[PDB]
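As C-alpha coordinates, the structure follows; a few thoughts come after it.
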Amino acid sequence: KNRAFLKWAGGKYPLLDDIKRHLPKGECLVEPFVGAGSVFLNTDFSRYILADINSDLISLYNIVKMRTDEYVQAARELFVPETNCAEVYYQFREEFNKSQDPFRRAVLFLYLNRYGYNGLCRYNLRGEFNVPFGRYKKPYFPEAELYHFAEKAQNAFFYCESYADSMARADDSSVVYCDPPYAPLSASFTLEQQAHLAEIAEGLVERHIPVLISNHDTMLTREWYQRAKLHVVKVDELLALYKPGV
DNA sequence: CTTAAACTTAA
DNA sequence: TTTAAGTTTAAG
Ligand SMILES: Nc1ncnc2c1ncn2[C@@H]1O[C@H](CSCC[C@H](N)C(=O)O)[C@@H](O)[C@H]1O
(Lines give C-alpha, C1' and ligand atoms only; values in the text may rest on other atoms or scores of the structure.)
Protein backbone atom coordinates (compact mmCIF):
# COMPACT_ATOMS: atom_id res chain seq x y z
CA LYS A 1 0.00 0.00 0.00
CA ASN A 2 1.06 3.58 -0.72
CA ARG A 3 1.34 5.86 2.31
CA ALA A 4 0.22 9.46 2.59
CA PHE A 5 3.01 11.95 3.26
CA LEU A 6 0.97 13.53 6.07
CA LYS A 7 0.17 12.23 9.52
CA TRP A 8 -3.61 12.55 9.61
CA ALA A 9 -6.80 11.09 11.04
CA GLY A 10 -8.70 8.81 8.68
CA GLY A 11 -5.64 6.86 7.62
CA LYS A 12 -7.48 3.66 6.78
CA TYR A 13 -4.87 1.18 5.55
CA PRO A 14 -6.63 -1.69 7.31
CA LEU A 15 -9.94 -0.39 5.94
CA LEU A 16 -8.43 0.34 2.52
CA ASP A 17 -8.89 -3.22 1.29
CA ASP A 18 -12.48 -3.11 2.54
CA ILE A 19 -13.19 0.31 1.02
CA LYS A 20 -11.86 -0.78 -2.36
CA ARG A 21 -13.94 -3.96 -2.09
CA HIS A 22 -17.10 -1.86 -2.10
CA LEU A 23 -15.96 1.12 -4.17
CA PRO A 24 -17.64 0.97 -7.62
CA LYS A 25 -15.67 1.54 -10.83
CA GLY A 26 -15.91 4.83 -12.69
CA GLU A 27 -13.99 7.49 -14.59
CA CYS A 28 -13.71 9.96 -11.73
CA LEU A 29 -13.49 9.67 -7.96
CA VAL A 30 -14.88 12.53 -5.88
CA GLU A 31 -13.61 12.81 -2.29
CA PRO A 32 -15.40 15.57 -0.32
CA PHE A 33 -13.29 14.85 2.79
CA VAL A 34 -9.93 13.99 1.23
CA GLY A 35 -7.77 14.42 4.35
CA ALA A 36 -4.41 12.70 3.85
CA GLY A 37 -5.71 11.12 0.64
CA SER A 38 -5.13 7.44 1.44
CA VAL A 39 -7.92 6.29 -0.88
CA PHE A 40 -6.84 8.59 -3.72
CA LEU A 41 -3.29 7.24 -3.37
CA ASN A 42 -4.40 3.60 -3.45
CA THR A 43 -6.94 3.61 -6.28
CA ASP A 44 -6.62 3.92 -10.06
CA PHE A 45 -9.32 6.30 -11.28
CA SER A 46 -8.52 8.17 -14.50
CA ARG A 47 -9.18 11.45 -12.69
CA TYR A 48 -9.94 12.75 -9.19
CA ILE A 49 -11.83 15.62 -7.59
CA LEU A 50 -10.42 16.06 -4.10
CA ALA A 51 -11.80 18.51 -1.57
CA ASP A 52 -11.53 19.52 2.08
CA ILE A 53 -12.59 22.45 4.24
CA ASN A 54 -8.97 22.83 5.43
CA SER A 55 -7.41 25.58 3.30
CA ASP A 56 -3.81 24.93 4.38
CA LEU A 57 -4.24 21.30 3.34
CA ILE A 58 -5.57 22.15 -0.11
CA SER A 59 -2.96 24.87 -0.64
CA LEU A 60 -0.22 22.40 0.29
CA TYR A 61 -1.51 19.77 -2.14
CA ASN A 62 -1.42 22.04 -5.18
CA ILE A 63 2.04 23.30 -4.24
CA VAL A 64 3.34 19.73 -3.96
CA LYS A 65 1.67 18.97 -7.29
CA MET A 66 2.96 22.00 -9.23
CA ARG A 67 6.29 22.79 -7.55
CA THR A 68 7.45 19.33 -6.50
CA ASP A 69 11.26 19.48 -6.64
CA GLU A 70 11.30 23.01 -5.25
CA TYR A 71 9.02 22.00 -2.40
CA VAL A 72 10.91 18.82 -1.49
CA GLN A 73 14.24 20.68 -1.39
CA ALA A 74 12.82 23.41 0.85
CA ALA A 75 10.98 21.07 3.22
CA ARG A 76 13.93 18.68 3.57
CA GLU A 77 16.00 21.52 5.07
CA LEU A 78 13.72 21.54 8.08
CA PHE A 79 14.10 17.83 8.82
CA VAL A 80 17.43 18.03 10.58
CA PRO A 81 18.47 17.37 14.14
CA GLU A 82 18.86 21.04 14.93
CA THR A 83 15.13 21.66 14.40
CA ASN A 84 14.06 18.91 16.81
CA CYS A 85 13.64 21.01 19.95
CA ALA A 86 10.74 22.88 21.51
CA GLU A 87 12.21 26.36 21.16
CA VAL A 88 12.81 25.95 17.43
CA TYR A 89 9.42 24.25 16.93
CA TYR A 90 7.44 27.05 18.58
CA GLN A 91 9.27 29.65 16.51
CA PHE A 92 8.52 27.83 13.23
CA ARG A 93 4.91 27.63 14.43
CA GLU A 94 4.93 31.39 14.94
CA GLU A 95 6.52 31.91 11.52
CA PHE A 96 3.76 29.78 9.97
CA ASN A 97 1.01 31.74 11.71
CA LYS A 98 2.51 35.09 10.74
CA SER A 99 3.34 34.13 7.15
CA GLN A 100 1.18 35.20 4.22
CA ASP A 101 3.19 33.23 1.66
CA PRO A 102 1.51 30.00 0.51
CA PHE A 103 4.80 28.31 -0.39
CA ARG A 104 6.54 29.06 2.91
CA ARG A 105 3.38 28.10 4.80
CA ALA A 106 3.23 24.79 2.90
CA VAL A 107 6.86 24.02 3.76
CA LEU A 108 6.31 24.79 7.45
CA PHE A 109 3.02 22.87 7.44
CA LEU A 110 4.88 19.62 6.77
CA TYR A 111 7.40 20.35 9.52
CA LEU A 112 4.59 21.11 11.98
CA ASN A 113 2.75 17.93 10.96
CA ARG A 114 5.79 15.74 11.69
CA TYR A 115 7.26 17.56 14.70
CA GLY A 116 4.02 18.53 16.43
CA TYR A 117 2.04 16.37 18.85
CA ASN A 118 0.53 13.26 17.23
CA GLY A 119 0.24 14.80 13.76
CA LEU A 120 -2.57 17.02 15.04
CA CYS A 121 -3.89 19.93 13.02
CA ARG A 122 -5.58 22.25 15.49
CA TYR A 123 -6.41 25.95 15.10
CA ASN A 124 -7.86 28.58 17.38
CA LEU A 125 -10.81 30.68 16.20
CA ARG A 126 -8.43 33.18 14.64
CA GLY A 127 -7.04 30.51 12.33
CA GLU A 128 -3.75 30.12 14.19
CA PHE A 129 -2.16 26.65 14.39
CA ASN A 130 -1.66 25.87 18.09
CA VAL A 131 -0.50 22.25 18.37
CA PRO A 132 2.32 21.78 20.91
CA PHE A 133 5.74 20.23 20.31
CA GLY A 134 5.63 16.45 19.83
CA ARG A 135 9.01 15.61 21.40
CA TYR A 136 9.73 12.82 18.92
CA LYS A 137 13.11 11.13 18.72
CA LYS A 138 13.56 11.34 14.98
CA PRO A 139 10.76 12.52 12.71
CA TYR A 140 10.58 10.87 9.30
CA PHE A 141 10.87 13.01 6.17
CA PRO A 142 8.34 11.53 3.71
CA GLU A 143 10.36 12.21 0.55
CA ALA A 144 9.23 9.09 -1.33
CA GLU A 145 5.60 9.69 -0.33
CA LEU A 146 5.80 13.31 -1.52
CA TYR A 147 7.00 12.35 -5.00
CA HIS A 148 4.39 9.61 -5.30
CA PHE A 149 1.69 12.08 -4.27
CA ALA A 150 2.88 14.61 -6.86
CA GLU A 151 2.88 12.00 -9.61
CA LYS A 152 -0.65 10.83 -8.77
CA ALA A 153 -1.84 14.43 -8.38
CA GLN A 154 -1.27 15.11 -12.08
CA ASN A 155 -4.77 13.68 -12.60
CA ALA A 156 -6.42 15.37 -9.61
CA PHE A 157 -8.03 18.76 -9.00
CA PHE A 158 -8.08 20.10 -5.42
CA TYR A 159 -10.78 22.35 -3.96
CA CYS A 160 -11.16 24.08 -0.61
CA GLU A 161 -14.90 23.87 -0.01
CA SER A 162 -17.48 22.11 2.16
CA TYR A 163 -18.89 18.68 1.26
CA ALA A 164 -22.16 19.95 -0.26
CA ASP A 165 -20.27 22.04 -2.82
CA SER A 166 -17.79 19.34 -3.84
CA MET A 167 -20.47 16.65 -4.09
CA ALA A 168 -22.27 18.98 -6.48
CA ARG A 169 -19.31 18.52 -8.84
CA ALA A 170 -20.11 14.86 -9.34
CA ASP A 171 -21.61 13.73 -12.60
CA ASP A 172 -22.75 10.57 -14.28
CA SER A 173 -19.22 9.29 -14.74
CA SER A 174 -18.30 9.92 -11.08
CA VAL A 175 -17.97 7.76 -8.00
CA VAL A 176 -18.12 9.50 -4.61
CA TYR A 177 -16.32 8.37 -1.46
CA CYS A 178 -17.08 10.16 1.81
CA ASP A 179 -14.95 9.91 4.95
CA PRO A 180 -16.63 12.47 7.23
CA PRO A 181 -15.44 13.30 10.74
CA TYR A 182 -16.58 10.36 12.88
CA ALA A 183 -20.05 10.29 14.38
CA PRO A 184 -20.23 10.03 18.19
CA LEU A 185 -19.29 6.61 19.57
CA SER A 186 -21.85 6.63 22.38
CA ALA A 187 -25.44 7.86 22.48
CA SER A 188 -16.75 20.91 14.46
CA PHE A 189 -18.85 18.55 12.32
CA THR A 190 -22.41 18.63 13.67
CA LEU A 191 -25.04 15.90 13.89
CA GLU A 192 -27.13 17.97 11.48
CA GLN A 193 -24.25 17.93 9.00
CA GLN A 194 -23.96 14.15 9.40
CA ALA A 195 -27.63 13.74 8.49
CA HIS A 196 -27.32 16.30 5.71
CA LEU A 197 -24.47 14.34 4.12
CA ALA A 198 -26.71 11.29 3.89
CA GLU A 199 -29.46 13.42 2.32
CA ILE A 200 -27.03 14.59 -0.37
CA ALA A 201 -25.96 10.99 -1.00
CA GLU A 202 -29.60 10.00 -1.51
CA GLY A 203 -29.95 12.81 -4.04
CA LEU A 204 -26.85 11.67 -5.91
CA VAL A 205 -27.81 7.99 -6.12
CA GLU A 206 -31.16 9.07 -7.58
CA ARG A 207 -29.14 10.65 -10.38
CA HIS A 208 -27.36 7.31 -10.85
CA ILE A 209 -24.23 8.47 -9.04
CA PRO A 210 -22.79 5.82 -6.65
CA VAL A 211 -21.80 7.03 -3.18
CA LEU A 212 -19.79 5.19 -0.53
CA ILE A 213 -19.68 6.49 3.04
CA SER A 214 -17.53 5.26 5.91
CA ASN A 215 -18.35 5.88 9.57
CA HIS A 216 -18.72 4.25 12.98
CA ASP A 217 -21.37 1.54 13.26
CA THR A 218 -23.97 3.02 15.62
CA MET A 219 -27.76 3.17 15.88
CA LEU A 220 -27.59 6.77 14.67
CA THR A 221 -25.42 6.13 11.61
CA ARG A 222 -27.68 3.22 10.69
CA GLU A 223 -30.63 5.62 10.81
CA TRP A 224 -28.81 8.21 8.69
CA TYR A 225 -27.66 5.68 6.10
CA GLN A 226 -30.82 3.59 6.21
CA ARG A 227 -31.37 3.81 2.45
CA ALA A 228 -27.91 2.42 1.69
CA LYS A 229 -26.56 -1.12 1.55
CA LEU A 230 -24.75 -1.52 4.86
CA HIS A 231 -21.53 -3.47 5.37
CA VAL A 232 -19.81 -3.97 8.72
CA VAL A 233 -16.01 -4.09 8.82
CA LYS A 234 -14.13 -6.02 11.54
CA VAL A 235 -16.67 -0.24 17.79
CA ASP A 236 -16.85 -1.60 14.25
CA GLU A 237 -16.57 0.37 11.02
CA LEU A 238 -19.65 0.89 8.83
CA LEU A 239 -19.53 1.17 5.04
CA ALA A 240 -22.70 2.63 3.54
CA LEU A 241 -22.99 1.96 -0.19
CA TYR A 242 -25.55 3.93 -2.18
CA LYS A 243 -25.83 1.84 -5.32
CA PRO A 244 -27.91 3.11 -8.27
CA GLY A 245 -30.54 0.82 -9.78
CA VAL A 246 -31.18 0.26 -13.47
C1' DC B 1 -5.23 14.01 28.00
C1' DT B 2 -5.22 18.11 31.24
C1' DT B 3 -5.54 23.01 33.31
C1' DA B 4 -6.47 27.84 32.56
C1' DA B 5 -8.67 31.65 30.51
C1' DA B 6 -12.45 33.80 28.30
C1' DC B 7 -17.11 34.63 28.30
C1' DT B 8 -22.08 34.14 29.62
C1' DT B 9 -25.86 33.17 32.85
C1' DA B 10 -28.87 33.52 36.68
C1' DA B 11 -30.79 35.36 40.67
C1' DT C 1 -27.11 46.96 43.40
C1' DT C 2 -22.90 40.96 42.21
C1' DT C 3 -20.52 36.88 41.55
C1' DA C 4 -20.50 31.78 41.80
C1' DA C 5 -21.49 28.53 38.38
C1' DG C 6 -22.01 27.23 33.62
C1' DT C 7 -20.12 26.92 29.06
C1' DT C 8 -16.82 27.60 25.45
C1' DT C 9 -12.17 28.25 23.93
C1' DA C 10 -6.96 28.05 24.19
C1' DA C 11 -3.08 25.47 24.26
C1' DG C 12 0.66 22.55 26.67
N1 LIG D 1 -17.72 20.44 6.35
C2 LIG D 1 -16.68 19.84 5.79
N3 LIG D 1 -16.60 19.74 4.42
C4 LIG D 1 -15.52 19.13 3.82
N5 LIG D 1 -14.51 18.61 4.60
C6 LIG D 1 -14.57 18.70 5.95
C7 LIG D 1 -15.65 19.31 6.57
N8 LIG D 1 -15.44 19.25 7.91
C9 LIG D 1 -14.26 18.62 8.14
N10 LIG D 1 -13.72 18.28 6.92
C11 LIG D 1 -12.46 17.56 6.65
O12 LIG D 1 -12.73 16.17 6.70
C13 LIG D 1 -11.54 15.47 6.98
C14 LIG D 1 -11.86 14.28 7.87
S15 LIG D 1 -10.55 13.04 7.89
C16 LIG D 1 -11.40 12.22 9.26
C17 LIG D 1 -11.57 10.73 9.02
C18 LIG D 1 -12.22 9.95 10.15
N19 LIG D 1 -13.63 9.74 9.88
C20 LIG D 1 -12.01 10.68 11.48
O21 LIG D 1 -12.93 11.32 12.00
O22 LIG D 1 -10.93 10.63 12.07
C23 LIG D 1 -10.60 16.48 7.63
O24 LIG D 1 -9.47 16.64 6.80
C25 LIG D 1 -11.36 17.79 7.67
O26 LIG D 1 -10.55 18.87 7.30
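Below, read A as the first sequence line, B as the second, and so on, with proteins coming before strands; counting in each chain starts at 1. Below, all heavy atoms of this structure are taken into account, side chains as well, without hydrogens, waters or symmetry copies.
- As judged by a 4.0 angstrom heavy-atom cut-off over every strand, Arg93(A) is placed among residues touching the sugar-phosphate backbone only.
- A ring-centre distance under 6.0 Å is not found for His148(A) and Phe5(A).
- Using the sign of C1'-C2'-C3'-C4' as the criterion, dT2(B) falls on the north side of the pucker cycle.
- Of the residues in residues 107-117 of chain A, not one places a heavy atom less than 4.0 Å from an atom of DNA chain C.
- With sequence neighbours excluded, the residues satisfying salt bridge (charged side-chain N to carboxylate O under 4.0 Å, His left out) with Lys98(A) are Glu94(A).
- Linking ILVMFWY residues whenever their side-chain heavy atoms come closer than 4.5 Å, directly or via other members, leaves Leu146(A) and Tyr140(A) in distinct clusters.
- A salt bridge between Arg104(A) and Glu95(A) is present, with a side-chain N of the basic residue lying under 4.0 Å from a carboxylate O of the acidic one.
- To the nearest angstrom, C1' of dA11(C) lies 12 Å from CG of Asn97(A).
- Annotation: proximity of residues 120-130 of chain A to DNA chain C (heavy atom, distance under 4.0 Å) is found for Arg122(A), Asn124(A), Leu125(A), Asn130(A), numbered in ascending order.
- Qualifying salt bridge (charged side-chain N to carboxylate O under 4.0 Å, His left out) partners for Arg67(A), counting only residues two or more places apart in sequence or in other chains: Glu70(A).
- Residues passing the side-chain contact (heavy atoms from CB on, under 4.5 Å) test with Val131(A) are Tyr89(A), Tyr117(A), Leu120(A), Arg122(A), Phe129(A), sequence neighbours excluded.
- Ring geometry for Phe158(A) versus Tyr61(A): interplanar angle of 30 to 60°, hence tilted.
- Of the listed residues (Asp172(A), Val205(A), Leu204(A), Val211(A)), just one forms a side chain to side chain contact (heavy atoms under 4.5 Å, CB included) with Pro244(A), and that residue is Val205(A).
- Listed by first residue number, the stems of DNA chain C with at least three Watson-Crick or G-U pairs below 3.5 Å are B:1-10 with C:3-12.
- Aromatic ring orientation, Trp8(A) versus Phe109(A): tilted (interplanar angle from 30° to 60°).
- The aromatic rings of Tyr159(A) and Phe157(A) sit perpendicular to each other, their planes meeting at more than 60°, with 30° as the lower class boundary.
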